[PDB]
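Values quoted throughout were computed directly from the atomic coordinates according to the rules given, and no laboratory measurement underlies them. Counting neighbours? That spans all protein chains shown, and the Cβs are built from the backbone with ideal geometry, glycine included.
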Amino acid sequence: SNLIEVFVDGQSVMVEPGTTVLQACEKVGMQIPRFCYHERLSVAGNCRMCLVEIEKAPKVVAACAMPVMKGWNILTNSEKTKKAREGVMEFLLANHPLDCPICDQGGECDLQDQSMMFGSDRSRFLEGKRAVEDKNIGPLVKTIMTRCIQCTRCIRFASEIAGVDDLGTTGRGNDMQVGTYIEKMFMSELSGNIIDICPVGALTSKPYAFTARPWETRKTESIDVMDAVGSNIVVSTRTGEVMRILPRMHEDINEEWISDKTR
Amino acid sequence: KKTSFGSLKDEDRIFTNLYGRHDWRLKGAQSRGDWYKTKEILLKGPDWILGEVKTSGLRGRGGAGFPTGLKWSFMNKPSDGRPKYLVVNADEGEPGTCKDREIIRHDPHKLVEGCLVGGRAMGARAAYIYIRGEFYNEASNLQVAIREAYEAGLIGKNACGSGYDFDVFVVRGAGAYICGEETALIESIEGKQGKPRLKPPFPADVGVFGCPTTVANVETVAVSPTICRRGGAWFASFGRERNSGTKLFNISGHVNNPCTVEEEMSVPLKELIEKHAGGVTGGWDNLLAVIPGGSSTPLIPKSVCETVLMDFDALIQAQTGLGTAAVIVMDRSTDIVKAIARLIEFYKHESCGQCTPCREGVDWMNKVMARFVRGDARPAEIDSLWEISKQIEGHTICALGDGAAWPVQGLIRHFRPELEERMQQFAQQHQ
Amino acid sequence: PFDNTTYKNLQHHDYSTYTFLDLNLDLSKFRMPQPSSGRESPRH
Amino acid sequence: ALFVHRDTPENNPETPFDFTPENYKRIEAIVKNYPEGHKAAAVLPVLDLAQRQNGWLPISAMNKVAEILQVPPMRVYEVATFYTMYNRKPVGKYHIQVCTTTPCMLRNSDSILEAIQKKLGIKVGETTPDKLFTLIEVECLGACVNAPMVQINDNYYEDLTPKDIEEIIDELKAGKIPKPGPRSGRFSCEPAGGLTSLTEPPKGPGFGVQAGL
Ligand SMILES: Cc1cc2nc3c(=O)[nH]c(=O)nc-3n(C[C@H](O)[C@H](O)[C@H](O)COP(=O)(O)O)c2cc1C
Ligand code: SF4
Ligand code: SF4
Ligand code: SF4
Ligand code: FES
Ligand code: FES
Ligand SMILES: [K+]
């Protein structure tokens with residue numbers, strides 16, 4: 001009744017009002033790149049990887065945050081769009097550390113993969129990089145914060161999902177740092193989930209550290225028995241051994257989270 | 001029509017205590033024509049006031065230059081149950097800009113009256129004046145001026161006797177240029193890091209405390225009572241069409257007599273410097289470049305400065321902008337690359353860090369510009385720096401990112417031979 | 001007598017550390033009652 | 001210049017801080033400036049008040065503000081480390097702040113920096129052994145037409161020369177209060193050597209008012 005017509009690369013699609021440009025693209029099976037946007041977290045709009053051209057609009061818009069307008073044509077693959085992604089990826093990687101061989105994210109990293117699909121294939125950055133001190137937040141999550149890309153997913157998850165207002169940003173500018181400021185442990189029953197939603201190897205599982213690589217694991221979709229919720233899980237194994245536990249999306253049970261005992 | 005502009009007369013100057021030579025407290029302000037027939041203005045209704053502002057042609061004096069009557073009329077709508085507010089932007093952080101400082105401390109009652117008149121136009125119940133924390137003495141002048149108005153019945157309950165309740169709160173900043181950005185200012189009032197918001201929603205829908213808000217510059221609001229008294233047509237008789245009224249100018253840098261002065265819009269840049277600032281240091285022929293509208297605007301070389309006018313449309317054609325109208329003058333003794341490198345260093349220290357192209361890009365531009373100052377680079381890097389600035393521009397959340405790119409582009413656009421020469425000197429020295 | 005030769009903004013030479021907040025405290029008796037969002041805070 | 005806190009003997013959650021009764025009344029007025037349900041808006045002014053009473057912000061002071069306003073301590077830490085006017089290390093009795101952005105740089109603010117460093121025997125970012133003066137560079141202070149200028153505590157001192165700044169430091173060491181403002185001929189921002197505008201008597205009430213009011 002109140003659905004409005006929008007176009008994704010000229011293909012009409014009917015969407016409810018309030019739907020964002022990113023959600024409109026999803027309806028035609030196009031996944032806009034993203035780093036800060038998580039569909040279960042509050043909208044942030046700070047990574048700028050989702051910038052997309054609207055036909056006849058001279059300014060690219062943040063797809064994750066911009067509501068669609070009737071008759072808008074979203075050019076998900078225009079040169080204007082592709083150049084925006086390349087520029088943002090170049091900034092994201094300017095100070096990122098050359099850590100892939102020693103970084104646990106390697107092989108299942110959104111920064112690696114989107115650099116492959118949407119970024120340039122080389123660097124023109126001729127300066128020294130930023131280096132950040134790591135911060136101890138407990139025995140479950142290891143922090144290598146020089147890898148952080150300041151997406152604030154962890155802050156929003158801790159505040160909104162876990163109900164713990166302990167994570168934040170200190171300083172400002174290029175020196176802005178995610179952390180707790182003081183020496184504090186993020187020991188919530190849902191804390192381990194921030195490993196999953198951190199797109200990079202800034203936050204990783206301490207127990208899992210260094211033991212495997214994503215491509216060599218076998219995924220057994222199973223159920224958790226650590227409580228009576230029955231959270232859907234993926235049991236990662238390799239060469240006959242259990243390597244780790246991951247959440248499995250179930251909207252009506254655990255969504256995409258598991259408890260730390262489950263994990 | 002009028003073809004030449006400038007030579008404004010004291011009879012037609014809005015800010016008559018610009019230099020603090022007269023009493024700044026209520027008694028002086030009244031004798032100079034402030035608070036006169038404020039009740040009549042308020043009882044003529046918002047639609048009349050917005051029409052006066054609409055017809056005056058007033059454009060935002062904070063930097064963006066958006067037409068004011070149109071912008072203020074977004075608040076002209078029925079209330080949905082939330083309070084409505086007018087936030088006054090007294091952050092005054094743009095390097096080269098100090099015009100708002102003189103209004104606040106020497107003509108505070110014009111601002112306080114402007115708050116009430118503009119607040120009535122929008123239907124707001126109060127005004128928060130966000131003044132940078134480094135202006136402690138000016139902020140104390142304003143609170144003194146606000147106390148007098150409360151004690152005279154000019155604000156508060158039944159303000160001026162119009163049956164309209166209006167409060168004027170002063171809230172101080174704590175050191176951040178980014179809190180001059182409209183939405184970053186709002187987050188600062190709410191007690192957060194001064195990080196801008198994405199738009200939509202626009203502040204007129206969801207602003208301070210989540211309520212309909214209009215952010216207006218101090219100068220934009222301070223002239224509003226006078227436009228209502230003397231009429232929009234009187235204000236529109238000044239400056240080129242679409243570039244109406246009288247503007248405050250700050251001439252700083254390499255002039256003989258740096259000063260703040262009120263001059264008609266569309267005055268020539270050359271006349272403005274010679275007439276009021278005493279001319280460029282070492283003679284007009286000793287001029288190298290001018291930053292015409294604050295650090296965020298690209299510079300222009302002497303050749304353009306010869307004939308350019310000072311208004312929004314004239315300076316856009318010279319590939320720059322009027323900005324805050326802060327004129328920074330550089331004579332031929334200036335190390336131009338060093339001067340622009342220092343501004344990029346400023347944006348580096350002021351970036352809120354929220355969004356990727358500015359958090360990483362501006363710091364990258366700063367590191368490159370530092371090497372350009374010494375010539376420790378290669379000519380191919382100049383085109384790389386131009387491309388990098390274009391990746392920041394138009395891709396960031398707020399316009400600080402654009403404001404960091406534009407100075408770099410201006411330097412490359414007009415002084416590329418200077419950049420290459422410096423690299424030639426560095427290369428041949430280490431050769 | 002009209003005198004355009006003397007600076008008349010010399011009060012701030014005598015302002016101190018609490019002048020701004022003392023004035024804010026003084027103004028508190030003039031303000032309209034604040035509006036309410038209906039809860040103590042967003043965390044309630 | 002670090003944005004992490006490490007507890008030390010003179011800066012830990014047990015460091016004694018608390019507002020005086022006089023400041024608790026000022027805090028009440030600050031909170032009344034904002035709608036009920038949005039008390040977090042008072043974080044900046046109340047944090048600044050704690051620094052005015054104490055001179056700087058120990059972590060205990062940040063926690064005290066958080067407790068008073070019922071705001072998570074991290075949200076107070078975020079504000080304290082974002083805004084540059086908050087001192088998270090003890091500073092000197094006189095915090096000299098020299099503007100070095102381009103408009104002040106063009107008027108030889110470097111000489112002002114030299115004069116302060118030569119006279120005080122310290123470098124930018126340091127404090128004197130007597131803990132009287134702390135010196136830092138800052139960005140534009142909104143007084144560019146009066147460059148070169150510096151801010152000491154709440155006061156601006158403008159149109160400076162190496163001599164003028166050296167005198168101000170003498171006045172501060174001796175315990176005197178140097179009057180703020182330009183140290184040249186002029187009083188504020190008017191052109192030197194005579195006004196070029198605003199020389200006529202100001203017009204009185206009702207001048208040029210449009211018909212119909
Ligand atoms: C980084 C940045 C700093 C700004 N600083 C100020 C400022 O100090 N004062 C001001 O009036 N506007 C400033 N602005 C512009 C405001 O965002 C906004 O456009 C303006 O306050 C609106 O008021 P106006 O329409 O009356 O001009 C700044 C913008 C940016 C991007
Ligand atoms: S986070 Fe991704 S891109 Fe960065 S080092 Fe680890 S695997 Fe490589
Ligand atoms: S630690 Fe990870 S999730 Fe948190 S802001 Fe950095 S990149 Fe984002
Ligand atoms: S452009 Fe810079 S100042 Fe503006 S929101 Fe982005 S990071 Fe912050
Ligand atoms: S995904 Fe939209 S800006 Fe990050
Ligand atoms: S550049 Fe120094 S006060 Fe503005
Ligand atoms: K991760």
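Helix B:400-430 and the long axis of chain B differ in direction by around 20°, with both axes built from C-alpha atoms. Counting only residues at least eight positions apart within a chain, or on another chain, the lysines with an alpha carbon under 21 Å from that of D:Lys131 are D:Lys89, D:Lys93, D:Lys118, D:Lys119, D:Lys123, D:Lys173, D:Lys176. Between the helical axis of B:108-122 and the longest alpha-carbon principal axis of chain B there is an angle of about 70 degrees. Amide H to amide H distances under 5 Å link B:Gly253 with B:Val329, where only residues 5 or more positions off or on other chains count and H is placed in the peptide plane. If you sort the three axes of the alpha carbon gyration tensor as a ≥ b ≥ c, you get a/c under 1.5 for the range B:1-143, which makes it rounded.
Mind jotting down the distance between the C-alpha centroids of the range D:8-59 and the range A:182-205, whole Å? Answer, in whole Å: 31.
Rg and Dmax of chain B, based on Cα coordinates, read 22.1, 80 Å. Between helix A:79-94 and chain A, what is the angle of the helix's C-alpha long axis to the longest principal axis, kept within 0 to 90° and rounded to the nearest 10? It works out to around 30 degrees. Taking max minus min of the alpha-carbon positions on each principal axis, the range B:227-271 gives extents of 37, 20, 12 Å, largest first. Taken about its Cα centre, the range B:335-431 carries a charge dipole of roughly 140 debye when the Cβ of each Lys and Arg holds +1 and the Cβ of each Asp and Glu holds -1.
Among A:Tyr208, A:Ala228, D:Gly142, which residue has its Cα furthest toward the positive end of the charge dipole of the protein assembly as shown, with +1 on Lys/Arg Cβ and -1 on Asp/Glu Cβ? Among A:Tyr208, A:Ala228, D:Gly142, the one farthest towards the positive end of the dipole of the protein assembly as shown is D:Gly142.
Coupling constants for the range B:379-384 follow from the phi torsions by the Karplus curve (6.51 cos²θ - 1.76 cosθ + 1.60, θ = phi - 60°), and in residue order they are x, 4, 5, 5, 5, 4 Hz; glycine and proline get x. Shielding of peptide B:11-19 by partners, expressed as the average count of other chain Cβ atoms within 10 Å per residue Cβ, is 5.
Under 19 Å from a label point set 7 Å out along the Cα-to-Cβ vector of B:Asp376, the amide N atoms of the range B:408-423 belong to B:419-423. Centre-to-centre, using Cα atoms only, the range B:210-246 and the range D:84-150 are separated by 37 Å.
The loop-placed GluC sites (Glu not before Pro) in the range B:239-274, going by DSSP, that have at most 12 neighbouring Cβ atoms within 10 Å of their Cβ come out as B:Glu241.
Per the helix-only calculation at 222 nm, which mean residue ellipticity applies to the protein assembly as shown, given -39500 (n - 2.57) for every DSSP H run of n ≥ 4 and division by its residues, nearest 500 deg cm²/dmol? Mind showing how you got there, number by number?
Numbers: 31 runs with 311 residues, N = 951.
For the protein assembly as shown, the value works out to -9500 deg cm²/dmol.
Each label point was placed 7 Å from the Cα along the Cα-to-Cβ direction; for A:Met249 and D:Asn108 their separation is 6.8 nm. The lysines within cross-link reach of B:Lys302, meaning a Cα-to-Cα straight distance under 24 Å and a gap of 8 or more places when in the same chain, are B:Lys247, B:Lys270, B:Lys275, B:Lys338.
Remark: for residue pairs B:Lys27/C:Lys8; A:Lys184/A:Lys261; A:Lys82/B:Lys348; B:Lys37/D:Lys203, the C-alpha separation exceeds 18 Å in A:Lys184/A:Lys261; A:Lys82/B:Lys348. Report ³J(HN,Hα) in whole Hz for each residue of the range B:29-46, in order, from the Karplus equation J = 6.51 cos²θ - 1.76 cosθ + 1.60 where θ = phi - 60°; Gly and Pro get x. Each residue of the range B:29-46 in turn: 4, 5, 4, 8, x, 7, 6, 8, 6, 5, 4, 4, 4, 5, 7, 7, x, x Hz.
What net charge is computed for the residues neighbouring B:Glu219, neighbours being all others with C-beta under 9 Å from the C-beta of B:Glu219, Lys and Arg scored +1, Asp and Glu -1? List each step's numbers first, then the result.
Details: positive: B:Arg61, B:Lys99, B:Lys247; negative: B:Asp100.
Net local charge, B:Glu219 excluded: +2.
Relative to the Cα centre, the charge distribution of the range A:1-102, modelled as +1 at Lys and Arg Cβ and -1 at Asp and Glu Cβ, gives a dipole magnitude of about 180 debye. With viscosity set to 0.692 mPa s at 37 °C, what whole-number translational diffusion coefficient in µm²/s follows for the range A:1-83 from Stokes-Einstein and a Kirkwood radius over Cα pairs? Here the translational diffusion coefficient equals 260 µm²/s. When the Cα positions of B:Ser244, B:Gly194, B:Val208 are compared along the charge dipole of the range B:157-250, B:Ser244 comes out farthest toward the positive end, with charges on each C-beta of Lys, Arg, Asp and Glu. Taking the convex hull of the alpha carbon positions in the range B:354-407 and averaging its projected area over all directions gives 3.4 nm².
Just to check I understand the Karplus step: with θ = phi - 60° and J = 6.51 cos²θ - 1.76 cosθ + 1.60, what whole-Hz values come out for the range D:189-197, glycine and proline as x? Listing the rounded values in order: 10, 6, x, 5, x, x, 5, 9, 7 Hz.
What longest range of chain A stays clear of loop-exposed GluC sites (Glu not before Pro) (DSSP non-H/G/I/E/B, at most 14 other C-beta within 10 angstrom)? Write down the numbers at each step before the final one.
Numbers: sites that count: A:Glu39, A:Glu55, A:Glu108, A:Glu127, A:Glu133, A:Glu183, A:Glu189, A:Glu251.
Within chain A, the longest run free of exposed GluC sites (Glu not before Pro) spans A:190-250.
For chain A, just run the numbers: alpha carbon Rg, then divide by 2.2 N^0.38 Å, N being how many residues it has.
Details: Rg = 19.6 Å, N = 263, 2.2 N^0.38 = 18.3 Å.
Against the compact-globule rule of thumb, the ratio is 1.07.
Of the residues D:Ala29, D:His95, D:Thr15, the one whose Cα sits farthest toward the positive end of the charge dipole of the range D:1-119, with +1 on the Cβ of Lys and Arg and -1 on the Cβ of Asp and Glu, is D:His95.
Each other residue within a Cβ distance under 15 Å of B:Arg374 adds +1 if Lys or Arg and -1 if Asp or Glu, for a net charge of -2.
Here the protein assembly as shown is treated as a Stokes sphere of Kirkwood radius computed over C-alpha pairs; at 4 °C and 1.567 mPa s its diffusion coefficient rounds to 44 µm²/s. Restricting to DSSP loop positions (anything but H, G, I, E, B) with no more than 15 other Cβ atoms inside 10 Å of their own Cβ, which GluC sites (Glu not before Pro) remain in the range D:68-144? Taking the range D:68-144 and a limit of 15 other Cβ atoms within 10 Å, the loop GluC sites (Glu not before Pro) found are D:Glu126. The simple spin-label model puts a point 7 Å past each Cα toward its Cβ; for B:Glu420 and A:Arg40 those points are separated by 5.7 nm. For chain D, a crude dipole built from +1 on the beta carbon of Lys and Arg and -1 on the beta carbon of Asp and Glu, taken about the Cα centre, is about 160 debye to the nearest 20.
Is there a simple number for the mean count of other chain Cβ atoms within 10 Å of the Cβ of residues in B:331-337, and what is it?
Details: counts 1, 0, 1, 3, 1, 0, 0.
If you average over the peptide's residues, the count of other-chain Cβ atoms is 1.
For the range A:136-219, chymotrypsin sites (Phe, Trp or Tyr not before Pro) meeting the loop criterion (DSSP other than H, G, I, E, B) and having at most 13 other Cβ atoms within 10 Å: A:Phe210.
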